[PDB]
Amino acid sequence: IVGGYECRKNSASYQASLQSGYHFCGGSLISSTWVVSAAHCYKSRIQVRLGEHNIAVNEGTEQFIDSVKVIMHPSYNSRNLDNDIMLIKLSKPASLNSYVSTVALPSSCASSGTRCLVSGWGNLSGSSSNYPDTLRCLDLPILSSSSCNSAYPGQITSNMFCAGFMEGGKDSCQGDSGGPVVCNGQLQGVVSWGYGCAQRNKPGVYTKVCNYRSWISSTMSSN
């Protein structure tokens, strides 16, 4: 996360890390058995890590659970990262407690100006590799489609929204992919892509989770 702050101990307890083999992505817990992440972080076998804020050391709260099903969106497109969302079913349910909680699915789509929180263990800089051991947090607004489309002309689909700062300086970054953008208790975004990190007029692009409410429901109900 570039220009964010370390999350408080009690914050962001829905946050998951995925060991997609040896690649790292974030994710978020939406029920005791299901995790959502970005489809570009796919691997057929993933270990989900929960209840962690400092990944370098033991805090006693950690839960490591392997996936049993990994379901990429049917129309995920690796060319432009359209429909960059995936669901992971855990082989055993997570034990919810203070450090491991679920985040609610969106009831509706959030509008521009809604303030949200993004979180992750990704890169702290847009010109060098600096990765944190504690989870970082960042408050940011959803930006208008006019802003989003003018920042990335011809690249933004209906399944994407931009969030962050056109002046740059604060953004999600590499390693945050798959992680949650939560607005008023609901999961509205999945960290997906951007050009560089925290550059002016290049805000982050997030998968628009409120477009997938039926798909996520349907998939959980019958898998």
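We number the residues from 1 along the sequence you see.
Stretches 154-162 and 45-53 differ in mean C-alpha B factor, with the higher average recorded for 45-53.
In this entry, 23-31 shows the higher mean Cα temperature factor of the pair 170-178 and 23-31. In this entry, the residue among 148, 110, 81, 88 with the greatest C-alpha B factor is 110. The residue among 210, 12, 16, 205 whose C-alpha carries the highest B-factor in the deposited model is 12. The entry lists a Cα temperature factor for residue 125 that places it in the highest third of the chain's modelled residues. Sorting the modelled residues of the chain by their CA temperature factor places residue 141 in the middle third.
The entry lists a Cα temperature factor for residue 71 that places it in the lowest third of the chain's modelled residues.
Among the modelled residues of its chain, residue 188 has a C-alpha B-factor that falls in the middle third, as given in the PDB entry.
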